[PDB]
Amino acid sequence: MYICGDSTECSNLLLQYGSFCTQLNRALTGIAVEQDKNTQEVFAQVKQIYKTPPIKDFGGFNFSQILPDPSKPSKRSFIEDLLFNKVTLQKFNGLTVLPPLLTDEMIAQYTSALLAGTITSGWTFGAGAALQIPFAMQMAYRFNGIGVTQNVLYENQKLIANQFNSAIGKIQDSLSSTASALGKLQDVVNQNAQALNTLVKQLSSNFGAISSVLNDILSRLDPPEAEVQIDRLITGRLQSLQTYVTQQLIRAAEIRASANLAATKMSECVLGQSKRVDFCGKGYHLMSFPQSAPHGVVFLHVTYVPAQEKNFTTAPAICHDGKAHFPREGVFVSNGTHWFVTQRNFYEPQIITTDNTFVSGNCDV
Amino acid sequence: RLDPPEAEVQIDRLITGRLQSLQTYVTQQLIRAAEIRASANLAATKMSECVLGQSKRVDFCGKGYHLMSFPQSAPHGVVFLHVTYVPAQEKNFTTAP
Amino acid sequence: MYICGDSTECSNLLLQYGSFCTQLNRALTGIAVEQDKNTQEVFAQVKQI
Amino acid sequence: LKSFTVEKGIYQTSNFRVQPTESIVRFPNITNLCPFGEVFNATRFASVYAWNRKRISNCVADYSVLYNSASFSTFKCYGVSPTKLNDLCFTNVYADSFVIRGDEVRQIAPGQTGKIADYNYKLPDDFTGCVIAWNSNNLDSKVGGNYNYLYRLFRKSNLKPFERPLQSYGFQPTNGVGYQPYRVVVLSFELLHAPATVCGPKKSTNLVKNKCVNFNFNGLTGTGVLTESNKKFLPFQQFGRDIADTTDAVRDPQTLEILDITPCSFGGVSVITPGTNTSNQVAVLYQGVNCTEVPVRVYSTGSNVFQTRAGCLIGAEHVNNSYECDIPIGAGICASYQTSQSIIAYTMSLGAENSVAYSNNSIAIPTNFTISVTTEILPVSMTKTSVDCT
Amino acid sequence: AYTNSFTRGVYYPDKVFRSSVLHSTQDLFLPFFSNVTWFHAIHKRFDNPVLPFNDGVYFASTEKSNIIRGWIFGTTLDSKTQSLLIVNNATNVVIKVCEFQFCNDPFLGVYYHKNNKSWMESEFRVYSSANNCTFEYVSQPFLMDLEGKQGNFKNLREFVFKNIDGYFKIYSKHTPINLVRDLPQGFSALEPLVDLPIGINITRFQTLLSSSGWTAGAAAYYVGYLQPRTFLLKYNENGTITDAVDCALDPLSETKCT
Ligand SMILES: *[C@@H]1O[C@H](CO)[C@@H](O[C@@H]2O[C@H](CO)[C@@H](O[C@@H]3O[C@H](CO)[C@@H](O)[C@H](O[C@H]4O[C@H](CO)[C@@H](O)[C@H](O)[C@@H]4O)[C@@H]3O)[C@H](O)[C@H]2NC(C)=O)[C@H](O)[C@H]1NC(C)=O
Ligand SMILES: *[C@@H]1O[C@H](CO)[C@@H](O[C@@H]2O[C@H](CO)[C@@H](O[C@@H]3O[C@H](CO[C@H]4O[C@H](CO)[C@@H](O)[C@H](O)[C@@H]4O)[C@@H](O)[C@H](O)[C@@H]3O)[C@H](O)[C@H]2NC(C)=O)[C@H](O)[C@H]1NC(C)=O
Ligand SMILES: *[C@@H]1O[C@H](CO)[C@@H](O[C@@H]2O[C@H](CO)[C@@H](O[C@@H]3O[C@H](CO[C@H]4O[C@H](CO)[C@@H](O)[C@H](O)[C@@H]4O)[C@@H](O)[C@H](O)[C@@H]3O)[C@H](O)[C@H]2NC(C)=O)[C@H](O)[C@H]1NC(C)=O
Ligand SMILES: *[C@@H]1O[C@H](CO[C@@H]2O[C@@H](C)[C@@H](O)[C@@H](O)[C@@H]2O)[C@@H](O[C@@H]2O[C@H](CO)[C@@H](O[C@@H]3O[C@H](CO)[C@@H](O)[C@H](O)[C@@H]3O)[C@H](O)[C@H]2NC(C)=O)[C@H](O)[C@H]1NC(C)=O
Ligand SMILES: *[C@@H]1O[C@H](CO)[C@@H](O[C@@H]2O[C@H](CO)[C@@H](O[C@@H]3O[C@H](CO)[C@@H](O)[C@H](O)[C@@H]3O)[C@H](O)[C@H]2NC(C)=O)[C@H](O)[C@H]1NC(C)=O
Ligand SMILES: *[C@@H]1O[C@H](CO[C@@H]2O[C@@H](C)[C@@H](O)[C@@H](O)[C@@H]2O)[C@@H](O[C@@H]2O[C@H](CO)[C@@H](O)[C@H](O)[C@H]2NC(C)=O)[C@H](O)[C@H]1NC(C)=O
Ligand SMILES: *[C@@H]1O[C@H](CO)[C@@H](O[C@@H]2O[C@H](CO)[C@@H](O)[C@H](O)[C@H]2NC(C)=O)[C@H](O)[C@H]1NC(C)=O
Ligand SMILES: *[C@@H]1O[C@H](CO)[C@@H](O[C@@H]2O[C@H](CO)[C@@H](O)[C@H](O)[C@H]2NC(C)=O)[C@H](O)[C@H]1NC(C)=O
Ligand SMILES: *[C@@H]1O[C@H](CO)[C@@H](O[C@@H]2O[C@H](CO)[C@@H](O)[C@H](O)[C@H]2NC(C)=O)[C@H](O)[C@H]1NC(C)=O
Ligand SMILES: *[C@@H]1O[C@H](CO)[C@@H](O)[C@H](O)[C@H]1NC(C)=O
Ligand SMILES: *[C@@H]1O[C@H](CO)[C@@H](O)[C@H](O)[C@H]1NC(C)=O
Ligand SMILES: *[C@@H]1O[C@H](CO)[C@@H](O)[C@H](O)[C@H]1NC(C)=O
Ligand SMILES: *[C@@H]1O[C@H](CO)[C@@H](O)[C@H](O)[C@H]1NC(C)=O
Ligand SMILES: *[C@@H]1O[C@H](CO)[C@@H](O)[C@H](O)[C@H]1NC(C)=O
Ligand SMILES: *[C@@H]1O[C@H](CO)[C@@H](O)[C@H](O)[C@H]1NC(C)=O
Ligand SMILES: *[C@@H]1O[C@H](CO)[C@@H](O)[C@H](O)[C@H]1NC(C)=O
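Protein chains in written order, with the entry's author numbering: chain A, 740 to 828, 853 to 1128; chain B, 983 to 1079; chain C, 740 to 788; chain D, 303 to 466, 491 to 622, 634 to 676, 689 to 739; chain E, 27 to 69, 77 to 242, 254 to 302.
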């Protein structure tokens, strides 16, 4: 249709070139199936569709802005609607767009299931049957993972909850204000639209022929000359199609790389805690919350960042009675007069005792 | 069937067609090779991180908590037998921080 | 400068082929920008010397 | 698929395209007319010796207003035809107006016999003017007979082509058949000799809407559906184009109205089928197509038609429950073979709903484990291949 | 001197209709901020010369009562080659392509209030002599706002004349304004008015209008020359050009066009 739109003579001439049309159609079909595979791999990572209970007693943490809102016809969270609104934006010549297999509502359902599973069962739902656990205890486990004793959270729970809520509010405001955040998705959409537009525009090129209008050529020329001109146009338009399909293949390859990265991020941050530095955000990763965006995903990475560094004087070991005591976990620090043992990520000095240190060797080493 | 002076045109047409076919085939092969090389890099990483050691990354070396993996050779590919630990029977209890 | 280097007649004849060369220039410029993006991503990880 | 057995799934097949139903042509009635009405119709003509020569340019050579006459016996051109003159443009036209003997009508024709012809009107060897025969006895007749149109021109020297008998007392109606005076009119024109400055007429037909038809508007040929549109073309603007520079609106030459152009419906056709062994029953999906056009399971009727956001499905029962996806279709629709047996199309279910018993102080701890050995296959390489290009 | 001329230089590409489309076209345009010659029709001194026609011309004036009646187009202007005559009355124009012989001062010449303080028509030189002709055209007896109603100057008779592949085309638009001083700032597009397949083809043109001691005349008109350039035009909802950009004026405009 694209090369020889409604022209029996042009179709007959094109038949001579063999299976180029079949190859191009097969490549485009492969890309189309690959898109659905990418979305499936990224999002459909939960065996069951979980849902948060009506009572939102999450230890003071407030997930309203990311949880679904049943009032809206599309059960999308506040930030999801923000992203959908922020992302903003040929049928004549055989170009068709096939709808995605997974609709926006169902992708939102998948994201809601992942989020509810996270907040209600930590990382267990990603490794088996979802097991409930109070969110305070879950956060304590996250702190223990990053290396901070859980007493820190259990004693600063109100402050931590307030900080998390303020961070959520700030990210909401930033997304509502600036549109440069979704530049990646906007660029993907713009590139696809530009490629299609160029492909359509190529139909108005002579390629050396008398005219770019097949009907005009046929009407104004006799069988032989019309055949020559139509063959020239066929060559030009087939070159255009091949260029477009090759560009689409390369772009699909890069998009598949991005989708695999997104799936890995989902599995290793949303479904569990990650010790990989700067993979699930900058800082000591605590957790991640997924959100669906048009033709993409957004991760809200919640990380722990030390704030108020203070120096002390430190020593590698201590000499008590000719025996070298080393800290079991932590470091020896002094304010100038006394010596204490403290954990390495939060100043919590404690008296140095036999239960905080293990002995090895003697002083002289 | 043709005098060379005019047969050169037909020969040129055939040469152009076959050269275009070869170029298309080579481009497809290059793209497929890039994809297969990405897959091979992933497979090498999986071998290193699951067979040669225990992986803490979730859902990397199989579903559930990873214990180990065993490699198996297959034509033009590899097969991993990810061994995993999966909790089975859960009981509710009343907890306290 | 490559296809029809400094030739008005050749440029006019090439104009009939559409935006092939514009697409080529766009692709090459994209690659050129991507190189700097790669270097920035690899090295500029800390903004405090 | 080049196979006698096809596996379960959905397969692309021949594209479906709506064929046009009828041809529609629209054009203005008639435009400015060349000075041919006077030469082909008038009261007085020039003298035979003073044969007229008028240069005709900067007009439209409209043969409708000239061919509407019915007195002509045989007005045909050897190399061309009046009917196809509509899209033929001339360089300049010459009109020869004179009154001569009726029997000399053929003497004006090229390649004739008789020295009485070239005495008054020489015959060029490359005359493309089509001969015309018509009656002008009444116009050329006088009560006593007009002898002023004499043929005294008897120059002895040979006559060059366009360098500048009297058997009756005068032009009288009493002359018999074939002898009455006739006005010879020939529209002699030469092409590829002067800059194009004269063009031809047009033809019109009826108007139809809301159907896939082949339209011709002011020489703009195309195919599509013509619809009434709210676009406001400017008083002089004729066509309308989209961002990609493709025709989307057109102003009807006859009626001052704006018509939207929509390409005739088309799209891929997919065949949803279970395994050949399971059954030979299939369903057909017309992608992105209203099934008010599918009649034009290959048959006019669609059995249990089912409109869906991914086109129209034909031959598949619409089940309003939910199950896991078996054969994807699009927009969250999946088809599967179920219970008598038939193909059912439904909305895929993402999985079983679960409500975790989250609470203030409730924790679920496992008391047992299972060892799971799961496979994972990864391509590592593909066959090498070298090619002898030559 | 030629006075400032910011854009005032584009009429319409063609008949197509575009809505909310930024379209770029390479055609004969009057370059933005280019120099356009200025003339003042002095009613002894008389400003009415014969100016070359270098492939398109732009003529802008605020004259009232059709003081500048029409135009003379030709390559010899001596009856040797057919010439075009665009003298127009409020009724209609008498467009005439003939091998017309031209006089030194061939216009009607209603010298009212000039030297007699009365309305009279001294001469009738609009027809010097019709030695031979090839075609004539009379337009519909229209009634345009070309007559004399001073009030506040609102008759900006911007006209664009072109000759391409045997077609003579005239575009224009009546633009009301409020500043009786030099060409005010704004934007307006000149819809086409007439297309003619004359096929005659012009090397020079002249405008149509011993008064020693008489007060200097009060009438001004411009003559600008077109060049081949690329332009970007912003079609609005109605398919009317709200704005335009000259793709070669300066680097910023070049980037906008790109
Ligand atoms: C470096 O860190 C240590 C830890 O604080 C600090 O040494 C002393 O630790 C104790 C508690 O850890 C601090 O609080 C004191 O506790 C004692 C009971 O053990 C109280 O009696 C103290 O009240 C006063 O009386 C003490 C006895 O006379 C004084 O020694 C004390 O300074 C108070 O005036 C008090 O509540 C205590 O403040 C510190 N310091 C002392 C001298 O005890 C050590 O000071 C830190 N070094 C520096 C430079 O800050
Ligand atoms: C969890 O969700 C939100 C995340 O930031 C928390 O912010 C709350 O949202 C609005 C914003 O002020 C306020 O009201 C909440 O939302 C709507 C509309 O609020 C109405 O009342 C507030 C005054 O409180 C008024 O300013 C608004 O204009 C509305 O008239 C309603 O469903 C409730 O009123 C709800 O409280 C809250 O004030 C605001 N609270 C804070 C700390 O920002 C929200 O608090 C969180 N929800 C719970 C139960 O904790
Ligand atoms: C460790 O760093 C954290 C950074 O988030 C600190 O958490 C927040 O830090 C701010 C800055 O001080 C605290 O602001 C408080 O300010 C009050 C004085 O004003 C307060 O009360 C008035 C009403 O009377 C209210 O309008 C203000 O907004 C303040 O809330 C001080 O007395 C407090 O000590 C404190 O500085 C925040 O309270 C604190 N929490 C939150 C949710 O912002 C944290 O304070 C640091 N930890 C320490 C110093 O031990
Ligand atoms: C903590 O780290 C060091 C050491 O401070 C000391 O460390 C132990 C040995 C004990 O003696 C502790 O009791 C004690 O805190 C500090 O390094 C130096 O600190 C000073 C500031 O106090 C830095 O100067 C600051 O920055 C510039 C340059 O001096 C000026 O504006 C001021 O002088 C300002 O005070 C100094 O640059 C720094 N030495 C360096 C960089 O070489 C450290 O500052 C302290 N850190 C804190 C409180 O954050
Ligand atoms: C081409 O030929 C047709 C046939 O005459 C013309 O169509 C119509 O001609 C009449 C003039 O008699 C125009 O007036 C119309 O009168 C009818 C009532 O008979 C009225 O219902 C209409 O609303 C209209 O006033 C009519 O406008 C005209 N229609 C069109 C499309 O033109 C026609 O005028 C001739 N020329 C063209 C450009 O069509
Ligand atoms: C464990 O968890 C839930 C609820 O907790 C129990 O509820 C009683 C049946 C009893 O066992 C109490 O001692 C526990 O507190 C049980 O089933 C869930 O109950 C909640 C509401 O009570 C409901 O929302 C869930 O849908 C139910 N199913 C779930 C969470 O999967 C469950 O039967 C108990 N036993 C096991 C093995 O989980
Ligand atoms: C497919 O076509 C039918 C008919 O065109 C649509 O149903 C409506 O029928 C009325 C008839 O009065 C038409 O005027 C409407 O245009 C039709 N509505 C639409 C949206 O086309 C039917 O809705 C169409 N279905 C889809 C998904 O577009
Ligand atoms: C404008 O006014 C003058 C007054 O004489 C007229 O112009 C000529 O009028 C004669 C008589 O009809 C025509 O033959 C000419 O073609 C007119 N054009 C000239 C002299 O240039 C007439 O009343 C008006 N001009 C018109 C109708 O063209
Ligand atoms: C095209 O121009 C018309 C002008 O009428 C616009 O339609 C509106 O018509 C009302 C009539 O009172 C005017 O008050 C409005 O100013 C017009 N709206 C605008 C935005 O100009 C129409 O919107 C314009 N665009 C179209 C028809 O697509
Ligand atoms: C006008 O010409 C046509 C054909 O030549 C003819 O039918 C008709 O009789 C002529 N009219 C007169 C008055 O001669
Ligand atoms: C028939 O086709 C289905 C497709 O799923 C397959 O499961 C089954 O094994 C096949 N049985 C036979 C005998 O071919
Ligand atoms: C079709 O959907 C409607 C929703 O009201 C339901 O009543 C009906 O049972 C459904 N039909 C089948 C076969 O499920
Ligand atoms: C164009 O107009 C300006 C206005 O003064 C003038 O300075 C300039 O000299 C003119 N261009 C040329 C080549 O004279
Ligand atoms: C007065 O009228 C005549 C013609 O009517 C004209 O030629 C002359 O210029 C006018 N002024 C005079 C005669 O001073
Ligand atoms: C006028 O010019 C044309 C072409 O030059 C010529 O054919 C014609 O005979 C001339 N007519 C008169 C009266 O001079
Ligand atoms: C004007 O004069 C030339 C000389 O040949 C002529 O060929 C050409 O047609 C003319 N330009 C136009 C548009 O006629």
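Built from N, CA and C at the ideal position, the CB exists for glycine as well.
Taking the Cα of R454(D) as reference, the smallest distance to any Cα among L441(D), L492(D) and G446(D) is reached at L492(D). Cβ-Cβ separation between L270(E) and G89(E): approximately 3 Å, consistent with a contact (criterion under 8 Å). With a cutoff of 8 Å on beta-carbon distance, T768(A) and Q613(D) are scored as not near each other. With a cutoff of 7 Å, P463(D) does not count as near ligand 5, since its C-beta is closer than that to no heavy atom of the ligand.
For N196(E), the enclosing beta strand (DSSP E) stretches over residues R190 to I197. Taking 8 Å as the cut-off, the beta carbon of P1053(A) is found closer than this to the beta carbon of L877(A). Under the 8 Å criterion on CB atoms, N282(E) is classed as interfacial with respect to chain D. Chain-ordered, the residues whose CB falls short of 7 Å from any heavy atom of ligand 2 come out as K795(A), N801(A), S803(A), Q804(A), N928(A), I931(A) and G932(A).
The region 37-57 of chain E makes no contact with the region 80-87 of chain E: fewer than 3 CB pairs, one atom from each, lie closer than 8 Å. A distance of 8 Å or more separates the beta carbons of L117(E) and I203(E).
With a contact defined as Cβ atoms closer than 8 Å, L962(A) and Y1007(A) qualify at about 5 Å. Each of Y1047(B), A1078(B) and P1079(B) was checked against the Cα of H1064(B), and the nearest Cα belongs to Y1047(B). Listed as beta-bridge partners of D53(E) by DSSP are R273(E). Relative to ligand 14, even the nearest heavy atom lies 7 Å or more away from the CB of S161(E).
Judged by beta-carbon spacing, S256(E) lies beyond the 8 Å limit of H69(E), meaning their Cβ atoms are not closer than that value. Along the region 1067-1088 of chain A, there is no position whose C-beta sits under 9 Å from a C-beta of chain B.
Taking non-hydrogen atoms of ligand 4 into account, the C-beta of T1076(A) is found less than 7 Å away from one of them. For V951(A), the enclosing alpha helix (DSSP H) covers residues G946 to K964. Look at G594(D): its beta carbon is at least 7 Å from all of the heavy atoms in ligand 11. Listed in chain order, the beta strand (DSSP E) elements of length 3 or more contained wholly in the region 387-453 of chain D are 394-402.
At a cut-off of 8 Å, the C-beta of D994(B) has no neighbouring C-beta in chain A. Exclusion of the five residues before and after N801(A) leaves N928 as the residues of its chain whose Cβ lies within less than 6 Å of its Cβ.
Note on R983(B): under 16 other CB atoms within 10 angstroms of its CB, so exposed under the neighbour-count rule.
For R765(C), the enclosing alpha helix (DSSP H) stretches over residues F759 to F782. Within the same chain, Cβ atoms closer than 6 Å to the Cβ of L390(D) are found at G526, the five residues on either side in sequence being excluded. For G1035(A), the C-beta contacts it makes with chain B under 7 Å involve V1040, in order along the chain. Those residues of the region 704-715 of chain D placed with their C-beta closer than 8 Å to a C-beta in chain B are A706, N710, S711, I712, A713, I714 and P715, ordered along the chain.
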